[PDB]
There are 2 protein chains.
Amino acid sequence: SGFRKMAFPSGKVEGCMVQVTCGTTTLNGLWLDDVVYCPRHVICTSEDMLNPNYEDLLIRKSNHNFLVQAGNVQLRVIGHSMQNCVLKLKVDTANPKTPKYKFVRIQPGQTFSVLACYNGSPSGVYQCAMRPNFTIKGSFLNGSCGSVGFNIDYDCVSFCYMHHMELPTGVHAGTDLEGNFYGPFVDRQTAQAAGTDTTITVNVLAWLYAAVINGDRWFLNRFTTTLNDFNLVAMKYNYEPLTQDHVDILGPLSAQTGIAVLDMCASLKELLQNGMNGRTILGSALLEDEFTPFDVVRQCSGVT
Amino acid sequence: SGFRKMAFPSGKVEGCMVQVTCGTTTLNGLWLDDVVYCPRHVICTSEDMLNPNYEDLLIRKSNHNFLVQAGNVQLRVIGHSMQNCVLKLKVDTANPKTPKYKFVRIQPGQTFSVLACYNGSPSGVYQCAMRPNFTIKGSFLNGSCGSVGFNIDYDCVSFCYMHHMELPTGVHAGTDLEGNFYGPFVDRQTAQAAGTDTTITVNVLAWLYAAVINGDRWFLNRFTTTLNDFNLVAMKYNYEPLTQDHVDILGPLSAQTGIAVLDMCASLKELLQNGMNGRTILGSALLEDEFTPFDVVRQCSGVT
Ligand SMILES: N#Cc1ccc(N2CCCOCC2)cn1
Ligand SMILES: N#Cc1ccc(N2CCCOCC2)cn1
């Protein structure tokens, strides 16, 4: 029993983190096979970041200008290339700790673990969601760029995020491991405002199921609703529209608890309209949206 | 910027987790040097757990009855002994992945990371606090016993918790790595009720400092208070008394922010008396108490 915001065990990723230095800029790289992946802005000064021309900046860089350190041992850079917003540094040694891995581009509402790193050294692990506005709400200080987000399925790490930038609102933006930003963000120090941070409705419902499984049941009511009726309320409260695909994804939790998805929607509707009245659900005073239906099943079933 | 509930990177601990089986009971063990540490209730059936005599049960057990598996490789048990509520299984092989480590017995209010495991395999990592009633609010299913709690200082793991039991209220109890329960709990399936789960005041204040550092400042008011005045309010709200030792520990956060500790206490006092009025602090609708002053400095400074 109990339900926690749980990250994946970080060891397989810790084994991949390196330090990348270009001139006076140090950040983190991801060492998989004989390639080190890092944000391309490693080549920028803070001055450069106001209006950088990455192709032009990169012309002035040679393999030997990229200092790659794995623990206290230096890696030999034998090639470099830019792919979108990441650099790929080819090194002469395959990472002996390379796990089974994939690169995946996640959808908004999907959760992942972040291994926050500085100077190639892990500092902490926490759980994030890709927000519907394609920001994440992370914990990243200067030096944390190149820290990565991942999921694990048994022994395969799926890398989905690399940390690039903080917006003036203190929310975070980054790329997949092909170097494509999530959302409209760019690796430039300019006016980039996030859109509406809507609530991930399917995740709230999952978490309400988690609450029922773990004994928090006070919010269950006598009502039901329809997708269209629920969605009128969702819209009013800046919740994502609930689709039949979302209903289908909650089916296993519905089956386990015997609470019809539309009945849980009617519980959520009353919580949106009435608030918590000073009560808590799974130790939270607000409706938590950074657990996916898959997360809730995983944690409630003890998957390793 | 940003402030997250962050666990320590779990890799050093993942490298220590094994499976222990005695008869039909499987749980987790901690493999450090040539000793595997696990809950003594590994020797119990569910029937035994109602009124177990561990010394009597252990007489019927030999080294070969303790099946210890590290990944898919079996360890040879060459000795066993009971220390308080843990068994120490001596194996013929030192764990080659043994990190620098210590065993520490933490005080209530101290935080730590839990690596939740099943069958010796890591499933997730999350941050806990030792509650003032010596319970923790974890996420543990059957098979999770022997999962451990730890802190890391650079390259030294300090192990502070081993998971033993869930109370009927769905809160958790366990031991330090000398096998001594935190609080009054016993490894028996009996009536064990937790006392008052008071709020860890020094941790709330730390987190309010974290909020100020990270731009959440709406709750700062024009007031101050005294320890005695604050403590009258703390008592009324089931907060731990604030001591001068706590004030001293918040000194660095006070210095960094320029907000006198007693001024932050007066902010907390108004939040206790007035509530949040539907506002949030660092994404929370309640006052968070599972960050220590050390946690806040660590996360706000990027310690690795
Ligand atoms: N947000 C953001 C941000 C700010 C500065 C920055 N630069 C390159 C990497 C670090 O070196 C200093 C300049 C990158 N990203
Ligand atoms: N809370 C609790 C609890 C419940 C059962 C239990 N036993 C020994 C280990 C697992 O085997 C089944 C019996 C131990 N702890």
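Thresholds applied
- Residues numbered from 1 in each chain as written, not as in the entry; some residues may be left out.
- Chains lettered and ligands numbered in written order.
- Heavy atoms only, no water.
- Helix = DSSP H or I, 4+ residues; strand = E, 2+ residues; numbered from the N terminus.
- Expected span 1.5 Å × (residues − 1).
- Bend = angle between axes of the 7 residues up to and from the residue.
- Contact = heavy atoms within 4.5 Å.
- Polar contact = N/O pair within 3.5 Å; in protein donor to acceptor, adjacent residues only side chain to side chain.
- Domains from an automatic or database assignment.
- Buried area = accessible area lost by both parts, 1.4 Å probe.
- Salt bridge = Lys/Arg side-chain N within 4 Å of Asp/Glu carboxyl O.
- Nonpolar A, V, L, I, M, F, W, Y, C, P; charged D, E, K, R; others polar.
- Near = heavy atom within 4 Å.
- Areas by Shrake-Rupley, 256 points an atom, 1.4 Å probe, with all protein chains shown as cover.
- Least-squares fit on C-alpha atoms.
- Buried < 20%, exposed > 50% of the residue type's maximum accessible area, 1.4 Å probe, protein only.
- Pairing = 2+ DSSP bridges.
- Axes fitted to C-alpha atoms, helices over the stretch in contact; angles between N-to-C directions.
- Disulfide = S-S within 2.5 Å.

- This entry lists X-ray crystallography as its structure determination method and reports a resolution of 1.4500 Å.

- Per the PDB entry, chain A is named 3C-like proteinase, and its organism is Severe acute respiratory syndrome coronavirus 2.

## Section: helix 5 (residues 244-257) of chain A
Residue and element names in this part refer to chain A.
In step 1: Taking 1.5 Å of rise per residue, 14 residues should cover 20 Å, and helix 5 covers 19 Å from first to last C-alpha, within 8% of that figure.
In step 2: Largest kink in helix 5: about 45 degrees, centred on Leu250, with the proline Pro252 one to four residues after it.
In step 3: Looking at the buried positions of helix 5, the neighbouring elements they touch are helix 3 (201-213), helix 4 (227-236), helix 6 (261-274) and helix 7 (293-301).
In step 4: By the N-cap criterion, in which a side-chain oxygen at the helix start approaches the backbone nitrogen of a residue two or three places on, helix 5 is capped by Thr243, the distance to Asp245 being 3.3 Å.
In step 5: Of the residues flanking the end of helix 5, it is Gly258, one or two places downstream, whose phi is positive at about 65 degrees.

## Some points on the domain arrangement of chain A
Residues and elements named next belong to chain A.
In step 1: Assigned domains of chain A: these are domain 1 (1-14 + 100-197), domain 2 (15-99) and domain 3 (198-301).
In step 2: Computed from C-alpha atoms alone, the centre-to-centre distance between domain 1 and domain 2 is 18 Å.
In step 3: Counting the surface lost from both domain 1 and domain 2, the interface buries some 2400 Å², and carbon and sulfur atoms represent 56% of this.
In step 4: When residues of domain 1 are sorted by the area they lose upon contact with domain 2, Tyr101, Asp187 and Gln189 head the list and together hold 23% of the total.
In step 5: One can count one salt bridge joining domain 1 with domain 2.
In step 6: In this structure, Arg40 and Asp187 form a salt bridge, with 2.8 Å as the shortest nitrogen-oxygen distance.
In step 7: The tally of links from domain 1 across to domain 2 stands at 22 residue pairs in polar contact.
In step 8: Elements represented by at least two residues in the side of domain 1 that touches domain 2 include exactly helix 1 (11-14), strand 8 (100-103), strand 9 (111-118) and strand 12 (156-166).
In step 9: Taken together, the residues of the side of domain 1 that touches domain 2 break down into 13 nonpolar, 14 polar and seven charged.

## Here we look at the site of ligand 1
All names here are of chain A.
In step 1: Neighbouring residues of ligand 1: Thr25, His41, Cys44, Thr45, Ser46, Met49, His164, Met165 and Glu166.
In step 2: Between ligand 1 and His41, the relevant distance is 3.5 Å, taken from a nitrogen atom to a side-chain nitrogen or oxygen of the residue.
In step 3: At a separation of 3.0 Å, a nitrogen atom of ligand 1 approaches a polar backbone atom of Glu166.
In step 4: Alone, ligand 1 offers 370 Å² of accessible surface; in the complex the protein occludes 71% of this.
In step 5: Top contributing element to the shell around ligand 1 by residue count: strand 12, with three residues.
In step 6: Across the shell around ligand 1, the residue classes tally to three nonpolar, five polar and one charged.

## Here we look at the relation of the copies chain A and chain B
In step 1: The two copies are related by a screw operation: chain A maps onto chain B through 180 degrees of rotation and 0.0 Å of translation along the axis, at an RMSD of 0.0 Å. What the superposition gives is, in effect, a two-fold axis relating one chain to the other. Considering only C-alpha atoms, the residue of chain A closest to the rotation axis is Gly11(A), which sits at 1.8 Å.
In step 2: The fraction of interface residues of chain A whose copies in chain B are also interface residues reaches 100%, indicating that both copies meet through the same surface.

## Structural notes on the pairing of strand 10 (residues 121-129) of chain A
Side chains on a regular strand alternate between the two faces of the sheet.
Residue and element names in this part refer to chain A.
In step 1: Most of strand 10 is tucked away, with eight of its nine residues classed as buried.
In step 2: The pairing of strand 9 with strand 10 spans eight bridges and is antiparallel. What sits directly across from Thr111, in strand 10, is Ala129.
In step 3: Here strand 9 folds back onto strand 10, and the loop between the two strands holds two residues, one of which, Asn119, carries a positive phi near 55 degrees.

## Overview of the sheet that holds strand 5 (residues 73-75) of chain B
All names here are of chain B.
In step 1: Strand order in this open sheet of seven strands is 5-4-1-2-3-7-6, and the pairing throughout is antiparallel. For this open sheet the edge positions go to strand 5 and strand 6 (77-83), each flanked by a neighbour on one side alone. Here the strands of the sheet are splayed against their neighbours by 30 degrees on average, with no regard to which way each runs.
In step 2: Judged from the six bridges that link them, strand 1 (residues 17-22) and strand 2 (residues 25-32) form a sheet pairing that is antiparallel. The partner of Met17 across the bridge, within strand 2, is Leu30.

## What about unusual backbone geometry?
All names here are of chain A.
In step 1: In the Ramachandran plot, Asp33 falls in the positive-phi region, its phi being about 55 degrees despite a non-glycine side chain.
In step 2: Relative accessible area serves as the criterion here: at 36%, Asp33 is assigned to the partly exposed category.
In step 3: Look at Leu282: it is not a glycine, yet its phi comes out positive at around 45 degrees.
In step 4: Positionally, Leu282 belongs in the loop between helix 6 and helix 7.

## With respect to the state of the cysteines
In step 1: All chains considered together, the criterion is met by zero disulfides over all chains.
In step 2: Here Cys22(A) is not cross-linked by a disulfide; its sulfur's nearest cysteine counterpart is in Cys38(A), at 8.5 Å.
In step 3: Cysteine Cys300(B) remains unbridged, with the sulfur of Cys128(A) as its closest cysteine sulfur at 16 Å.

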